[PDB]
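A.B. asks: Quick one: the structure is below, questions incoming.
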Amino acid sequence: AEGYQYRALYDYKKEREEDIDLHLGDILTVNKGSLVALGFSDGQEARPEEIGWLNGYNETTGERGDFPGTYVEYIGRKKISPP
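Heads up: the sequence shown runs through residues 3 to 85, numbered per PDB author numbering.
Shown next as structure tokens:
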């Protein structure tokens, strides 16, 4: 399984409770399935600003939730592996 990774370029304080805080440098991983379900074919994952809101796992803080695509940069794919 593989996810798409993004890095936070700006700080963000959650508005809604399903949002997550972003801190400069935080690494986020979004499961491909969630993007596929939104019809995000082609390669829009490399343009999160264009996507709008993403839902993922903040690798740096351990929190899961929604975060704005205009606040991050796509850094590439990551293969998820079992523990």
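Cβ coordinates follow ideal geometry from the N, Cα and C atoms, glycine included.
1. Would you report the Cα separation of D21 and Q7, rounded to the nearest angstrom?
2. Taking 8 Å as the threshold (C-beta atoms), are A3 and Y73 in contact?
3. For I53, report the span of its alpha helix (DSSP H) as first-last.
4. Would you report the Cα separation of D23 and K15, rounded to the nearest angstrom?
5. May I ask you to report which of helix, strand or coil DSSP gives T72?
6. Mark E47 as exposed unless 16 or more other C-beta atoms lie within 10 angstroms of its C-beta, in which case mark it buried.
7. What residues match up with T31 in a beta bridge as DSSP calls it?
8. Apart from the five residues on each side of it in sequence, which residues of its chain come closer than 8 Å, Cβ to Cβ, to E52?
C.D. replies: Judging by the given coordinates:
1. 17 Å
2. no
3. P50 to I53
4. 5 Å
5. helix
6. buried
7. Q7 and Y59
8. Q46 and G71
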